[PDB]
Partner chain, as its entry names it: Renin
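In the form solved without its partner chain, a lone chain appears below as structure tokens.
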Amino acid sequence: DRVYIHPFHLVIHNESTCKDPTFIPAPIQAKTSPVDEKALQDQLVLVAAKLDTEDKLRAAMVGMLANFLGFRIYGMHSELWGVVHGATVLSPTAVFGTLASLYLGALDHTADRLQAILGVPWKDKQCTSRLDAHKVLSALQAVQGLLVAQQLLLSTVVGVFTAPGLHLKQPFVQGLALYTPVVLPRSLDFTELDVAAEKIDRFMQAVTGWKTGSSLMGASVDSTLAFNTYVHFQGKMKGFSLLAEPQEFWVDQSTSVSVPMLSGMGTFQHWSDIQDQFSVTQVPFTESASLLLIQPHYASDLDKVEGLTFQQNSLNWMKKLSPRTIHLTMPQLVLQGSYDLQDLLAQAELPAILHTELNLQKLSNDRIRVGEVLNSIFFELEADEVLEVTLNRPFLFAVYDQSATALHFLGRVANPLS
């Protein structure tokens, strides 16, 4: 039958769609080849170039769902950036994919309560009403390719670290492959969290080359699973050059810091909301991919303007933009941060879903006790009459792809270096 309770008809099971091999992941110290990002990129544009009409529509639908979940997380936090360690950056698509990956191996209420957080309700307990995890995970990889299909590099890596002797069901890892080709299941002993974390740090650093440095803070010794998602972004600025001399960045009224600055001159979409007092600048990476820069007219209104950024009307002022001849000067961004979804979605009772009456039996029939659910981000901006736009004070930024209507990152820059 036709769906009415929600317009997300392409993410649920259809009529047709709606004794398992296992294995121990090799020990983490087992030498593994590094990630060939260049090869990964080619696979992602291929995925996007050969999409069917329906799959292309489902990709935009997931990007829209990921945006809504991001807006929810901000509304349920008195202080959002106290949970994030390192750079204050957030990836709605990665958070949505991490939960969709947990929902892949969930059952019964655990799967329903996860489907609720993802933002798709049900009017009954029919199989059809539930989410099709395969279609969701496959659609996320589509928006990854739709971003780099057109200067841009996006690499998503998943690390499933299990306890020694824990059997992971083959079909589960086979489902994660729909999300990203780079799935890294490895077995790790959780009886020494201090060294167990150091094994992951060097393992991920050797495999990827990116530092993450997560010491398994929220994890305990009885834990048996560490589901981590690592994303790396690298964007080239159209016609921007790195200035040899730094400039001052005012973290507050009293103190400033010298920082490397990017300078560029081009016709950019711009808008200044007078009532709320903030300006929005758009620097395109491609035609459908661009960088949104939100600067409050006065630094004291940062938290306020951010409240208007993390909402659905933020996408309404993509129309209010207008072409302008602008000379933009902003800091060089090489950011690294991380955050646990259990802390992000604490007010949504995610820690209660992952620790009480847990049912991840499609992931593994062995007993599971979540140590951490991590999102590690490595964000980079690189170089190649008039309204001067200078970001010499805290500001907000966002990356948006029109092809999939997806917000890949939402960040805050209070200090370019830390």
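Residue numbers count along the first chain shown, from 1. Heads up, when I say rigid core I mean the largest set of C-alphas that superpose within 1.5 Å between the two forms.
This protein has a second form, the form deposited with its partner chain bound, left out of what is shown; the following refers to that one.
*Asks:* Can you pick the one in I28, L354, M64, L51 that has a heavy atom within 4.5 Å of its partner chain in the deposited bound form?
*Replies:* Of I28, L354, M64, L51, the residue with a heavy atom within 4.5 Å of its partner chain in the deposited bound form is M64.
*Asks:* Which listed residue (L166, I117, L178, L152) meets the criterion of a heavy atom within 4.5 Å of its partner chain in the deposited bound form?
*Replies:* After the contact test, the surviving option is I117.
*Asks:* Using a 4.5 Å heavy atom cut-off, state whether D366 contacts its partner chain in the deposited bound form.
*Replies:* Taking the distances in the deposited bound form, the answer for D366 is no, it never comes within 4.5 Å of its partner chain.
*Asks:* Using 4.5 Å between non-hydrogen atoms, is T22 touching its partner chain in the deposited bound form?
*Replies:* Output for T22 is no: heavy atoms all beyond 4.5 Å of its partner chain.
*Asks:* So in the deposited bound form, does any heavy atom of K236 sit within 4.5 Å of its partner chain?
*Replies:* Flag for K236 set to no.
*Asks:* May I ask you to state whether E382 is within 4.5 Å of its partner chain in the deposited bound form, using heavy atom distances?
*Replies:* Residue-level check for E382: no, no contact with its partner chain.
*Asks:* Given the stretches 215-223, 79-87, 292-300, 310-318, which is the single one in contact with its partner chain in the deposited bound form, using a heavy atom cutoff of 4.5 Å?
*Replies:* Residues of 310-318 come within 4.5 Å of the partner.
*Asks:* From first to last in sequence, which residues of 52-72 have any non-hydrogen atom within 4.5 angstroms of its partner chain in the deposited bound form?
*Replies:* Residues within 4.5 Å: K56, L57, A60, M61, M64, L65, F68, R72.
*Asks:* Can you tell me which of these residues, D42, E349, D366, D36, is the one whose C-alpha shifts by at least 2 angstroms between this form and the one not shown after a rigid core fit?
*Replies:* That would be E349.
*Asks:* Superposed on the rigid core, does the Cα of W81 end up 2 angstroms or more away between this form and the one not shown?
*Replies:* After core superposition, the C-alpha of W81 moves 2 Å or more between this form and the one not shown.
*Asks:* Compare the position of the CA of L10 between this form and the one not shown after a rigid core fit and state whether the shift reaches 2 Å.
*Replies:* Yes, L10 moves 2 Å or more.
*Asks:* Does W317 shift between this form and the one not shown by 2 angstroms or more at the C-alpha, the core having been superposed?
*Replies:* Yes, its C-alpha moves 2 Å or more.
*Asks:* Relative to what we see here, could you say if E349 and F227 have their Cα atoms closer or farther apart in the deposited bound form, with a change of 3 Å or more?
*Replies:* Farther apart, which means the C-alphas of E349 and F227 are at least 3 Å more distant in the deposited bound form.
*Asks:* Looking in the deposited bound form, are the Cα atoms of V83 and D303 closer together or farther apart than here, the change being 3 Å or more?
*Replies:* Pair moves closer in the deposited bound form.
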